[PDB]
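Asks: Residue numbers (our numbering), protein chains in the order written: chain D, 529 to 941; chain E, 529 to 941. A virtual CB, placed ideally from N, CA and C, is assigned to each residue, including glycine.
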């Protein structure tokens with residue numbers, strides 16, 4: 529009597545563990561397993577396993593070994609799941625092309641997934657984060673993207689890093705638990721490493737104000753969170769895009785609105801002259817603590833991280849998505865109203881609006897902010913020359929009429 | 529009597545063009561074809577085609593159709609070659625697992641390739657660059673890397689852009705032809721785009737001096753040129769690495785050597801203090817015209833371009849090659865001996881060696897040169913802050929004792 533045909537309650541814990549090693553060697557235990565029998569439209573018995581490493585599903589029709597080459601048994605992201613499936617409904621006396629393309633095949637596929645996820649839902653707690661996540665956490669994320677129907681089920685299985693603790697991973701449910709009263713957004717920051725994301729300008733105020741930010745350090749991470757509309761009735765919000773709010777009070781609103789009136793000629797100065805055709809608009813930032821300014825993308829446009837991931841993949845694989853869409857779109861330049869540099873810029877503009885010193889500074893500041901916002905710098909040659917021109921003021925060396933002078937004394941050599 | 533069994537001289541040009549469309553539709557002509565019979569160790573007849581786009585090799589044993597599922601017939605880079613193969617030596621009646629792993633199979637494969645390249649060698653001249661190159665140029669570059677034995681045959685087929693002309697591609701032979709008398713290196717610069725490679729500081733003097741520099745703007749490009757040791761007795765030289773020479777004369781040598789004695793206390797100053805543990809050594813640059821300084825990688829180290837490509841692929845796929853080797857190696861910092869800023873630096877160091885103003889400037893200059901050299905900036909948060917510190921000097925705003933003040937007047941909000 530095959531291991532999978534006996535009742536669930538009659539099989540020893542040891543026998544399952546012995547069964548797993550029989551078709552994979554390695555001589556070590558699986559992370560988990562479930563033995564179930566399916567009822568309803570399609571009847572079949574099965575045992576599915578979760579190995580302990582990534583570094584294969586046995587099909588049986590009416591108890592007769594058919595194959596295990598069927599790679600479309602599990603969806604892309606569950607290709608690590610090993611086990612047996614013993615149907616008694618499928619056409620036994622047919623071809624392998626016919627059988628793989630049958631009506632009941634797509635049905636069994638879905639039932640296997642829904643059970644696999646039930647198994648994973650029950651992996652202890654301390655063991656989940658310490659084992660399963662560091663091994664197949666990527667698959668869970670891939671699933672959120674691909675498996676639309678089990679999306680909310682998978683959402684719970686997600687684990688990320690957050691501003692709550694320097695290293696520890698957190699679940700989405702845990703985040704929601706820590707949230708502030710009026711807060712209704714799950715704030716997150718995407719990047720190349722935790723150190724980059726936490727250093728970023730976009731999280732500054734949210735942190736100081738006491739909010740929690742999730743750090744996405746993986747390449748797939750932003751796509752994942754992107755394919756997840758809501759979670760427990762809370763919508764997601766990329767701190768590097770437009771969408772951050774701070775409810776406050778009436779007297780607080782009065783102040784901020786009055787600050788925006790004050791800086792208005794400076795914001796129009798950047799929009800119309802200093803950075804014309806460089807930014808979409810200039811506004812007073814609400815997310816900045818100590819940074820002078822940052823570049824913020826539109827709600828459905830590309831973040832700094834997105835632009836990199838896209839360009840990288842389009843360069844390695846694609847055919848130059850240069851004039852793509854929201855790839856070459858201007859960003860919203862946000863400035864910190866309480867920054868010494870921004871305040872001088874306001875005053876000096878209301879005085880001499882055609883002051884090239886401010887104009888050329890605004891550019892250097894913008895381009896530095898371009899790098900700090902995570903976006904690629906268009907022309908590193910020009911930027912380096914603008915730093916050079918300004919560097920030479922900090923010394924004395926005649927800006928224009930010297931970078932020619934000695935650099936062209938070379939005809940002697 | 530099949531199309532491939534008749535003599536080469538007896539088959540009409542039209543009939544070949546007709547034969548191509550019969551197994552691929554599309555209703556349009558191929559770019560080139562060759563009909564040949566093989567003599568020697570293994571005998572077979574074959575017609576190979578080069579399609580006009582990229583967006584399949586018919587195997588016959590003793591005129592009997594066998595299959596077209598054999599994807600290991602051509603090497604990876606020639607997967608675009610469509611055609612027929614009619615052997616009479618192969619085991620006719622044997623399994624497909626057997627026949628694919630046979631002795632003579634590896635032999636036929638090499639003959640097919642050597643003939644494919646003979647076909648491509650004969651693609652007119654005007655038609656080669658305008659059509660074939662912009663379609664399969666990449667495969668040629670992959671071949672140089674993969675196909676060792678046909679490497680010198682493939683090298684000639686390579687086409688790149690160069691400083692000789694704004695857009696026109698050039699062959700390697702053409703480059704050799706334009707070379708100077710004492711020149712014995714093929715100078716090239718690797719980048720993300722042409723505009724980037726030509727803007728680079730590394731090409732400055734070589735260009736002024738009259739030398740020609742090849743620009744590599746594709747990801748695979750530097751990997752290609754790297755796997756090619758010599759070409760027509762000329763070794764290659766990456767303008768961004770150590771290796772550039774300028775033969776000159778004795779009185780020229782006297783001057784340069786006398787200059788290296790002059791800047792020595794500034795070179796030791798950078799190495800031992802201002803940039804201690806940042807650079808490997810500071811030297812007097814011979815490749816610079818108008819740039820103040822640049823980072824130069826070792827001979828077989830990673831160039832700026834290399835670093836970017838390696839890091840990207842190691843992020844999209846690999847597991848953080850952070851503690852690799854020549855991934856985290858310090859570069860050689862080269863200064864232009866005739867730059868107003870460098871000259872002030874030398875003078876200001878011989879006087880006050882512990883002048884923090886110079887010490888702090890040399891870092892901003894080094895970091896700007898880090899970006900200009902095509903290298904990744906380690907901590908953009910720090911860099912932005914250093915620019916900010918210096919920006920506020922060009923206004924007045926108390927550097928240390930202000931970036932605290934107003935940026936911490938927020939507790940009122």
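Can you look up residue 754(D) in the DSSP assignment and give me helix, strand or coil?
Replies: helix
Asks: Would a check of beta-carbon distances place residue 790(D) closer than 8 Å to chain E?
Replies: no
Asks: I want to see whether chain D comes within less than 8 Å of residue 525(E), judged by CB atoms only; does it?
Replies: Any question about residue 525(E) goes unanswered here, given that chain E covers just 529 to 941.
Asks: Whose C-beta lies closer than 7 Å to the C-beta of residue 886(D) among residues of the same chain, with five residues either side of it excluded?
Replies: 873, 876, 877
Asks: Quick one: list the residues of chain D neighbouring residue 920(E), beta-carbon separation under 8 Å, in chain order.
Replies: 868, 869
Asks: May I have the straight-line CA-CA distance separating residue 625(E) from residue 560(E), to the nearest angstrom?
Replies: The straight-line gap from Cα to Cα measures roughly 32 Å.
Asks: For residue 811(E), return the contacting residues in chain D, with the cut-off set at a CB-CB distance below 8 Å.
Replies: Identification of chain D residues near residue 811(E) by a Cβ-Cβ cut-off of 8 Å yields none; the smallest Cβ-Cβ distance measures about 16 Å.
Asks: Please report whether the beta-carbon of residue 879(E) lies at a distance below 8 Å from any beta-carbon of chain D.
Replies: It does not; no Cβ of chain D falls within 8 Å.
Asks: One question on the structure: do residue 589(E) and residue 618(E) come within less than 8 Å of each other, judged by their Cβ atoms?
Replies: Closer than 8 Å, so yes.
Asks: Measure the alpha-carbon distance for residue 664(D) versus residue 756(E) and round it to whole angstroms.
Replies: Cα to Cα, residue 664(D) sits roughly 41 Å from residue 756(E).
Asks: If you count every other CB in all the chains shown that lies within 10 Å of the CB of residue 605(E), and 16 or more means buried, which is it?
Replies: buried
Asks: Leaving out five residues before and five after residue 582(E) in sequence, what residues of the same chain have Cβ atoms less than 6 Å from its Cβ?
Replies: Same-chain partners within the cutoff: 608.
Asks: Here's a check: name, in chain order, each residue in its chain whose Cβ is nearer than 8 Å to the Cβ of residue 833(E), leaving out the five neighbours to either side.
Replies: 718, 719, 720, 744, 750, 768, 902
Asks: Inspect the CB distances between the stretch 595 to 604 of chain E and the stretch 638 to 650 of chain E and report whether three or more fall short of 8 Å.
Replies: yes
Asks: Mapping the DSSP letters down to three states, classify residue 921(E) as helix, strand or coil.
Replies: coil
Asks: By DSSP's criteria, residue 689(D) is part of a beta bridge. Which residues make up the other side?
Replies: 697(D), 743(D)
Asks: So which residues of chain E does residue 747(D) contact, with C-beta pairs closer than 7 Å?
Replies: 843, 844
Asks: Output, in chain order, the set of chain E residues within a Cβ distance shorter than 7 Å of residue 750(D).
Replies: Residues of chain E passing the Cβ test: none, with the nearest at roughly 14 Å.
Asks: Classify residue 867(E) as helix, strand or coil using the three-state DSSP reduction.
Replies: coil
Asks: Which residues in chain E sit within 7 Å of residue 840(D), going by Cβ to Cβ distance?
Replies: 840, 844
Asks: Quick one: is residue 868(D) buried, meaning 16 or more other Cβ sit within 10 Å of its Cβ, or exposed?
Replies: Note on residue 868(D): 16 or more other CB atoms within 10 angstroms of its CB, so buried under the neighbour-count rule.
Asks: Between residue 727(E) and residue 910(D), what straight-line distance do the alpha-carbon atoms span, to the nearest angstrom?
Replies: 9 Å
Asks: Rounded to whole angstroms, how far is the Cβ of residue 894(D) from the Cβ of residue 806(D), which I believe are closer than 8 Å?
Replies: 7 Å
Asks: Report the residues of the stretch 906 to 917 of chain E with a CB closer than 7 Å to any CB of chain D, ordered along the chain.
Replies: 908, 909, 912, 915, 916
Asks: Under a CB-based cut-off of 8 Å, is residue 587(E) close to chain D?
Replies: no
Asks: If you reduce the DSSP assignment to three classes, tell me which class residue 766(E) lands in.
Replies: strand
Asks: Mind checking residue 549(D): buried by the 16 CB within 10 Å criterion, or exposed?
Replies: So residue 549(D) ends up on the exposed side.
Asks: From which residue to which residue does the alpha helix (DSSP H) around residue 665(D) run?
Replies: 661 to 674
Asks: Please name the residue in 882(D), 815(D), 552(D), 723(D) whose C-alpha comes closest to that of residue 801(D).
Replies: 882(D)
Asks: How about residue 938(D): is its C-beta nearer than 8 Å to some C-beta of chain E?
Replies: yes
Asks: Taking the alpha-carbon of residue 543(D) as reference, which of 941(D), 537(D), 551(D), 531(D) has the nearest alpha-carbon?
Replies: 531(D)
Asks: Measure how close the beta-carbons of residue 862(E) and residue 811(E) come, nearest whole angstrom, since I'm counting them as under 8 Å.
Replies: 6 Å
Asks: Kindly list, in the order they appear in chain E, the residues whose Cβ is closer than 8 Å to that of residue 930(D).
Replies: 868
Asks: Going along chain D in order, which residues have a C-beta closer than 8 Å to the C-beta of residue 794(E)?
Replies: Here the premise fails: no neighbours, minimum Cβ distance about 14 Å.
Asks: Buried or exposed: which applies to residue 656(E), given that a residue is buried once 16 or more other Cβ atoms fall within 10 Å of its Cβ?
Replies: buried
Asks: Run the CB neighbour count on residue 761(D), radius 10 Å, all protein chains shown included, and call it buried at 16 or more, exposed below.
Replies: Residue environment analysis places residue 761(D) among the exposed positions, since fewer than 16 neighbouring C-beta atoms fall within 10 angstroms of its C-beta.
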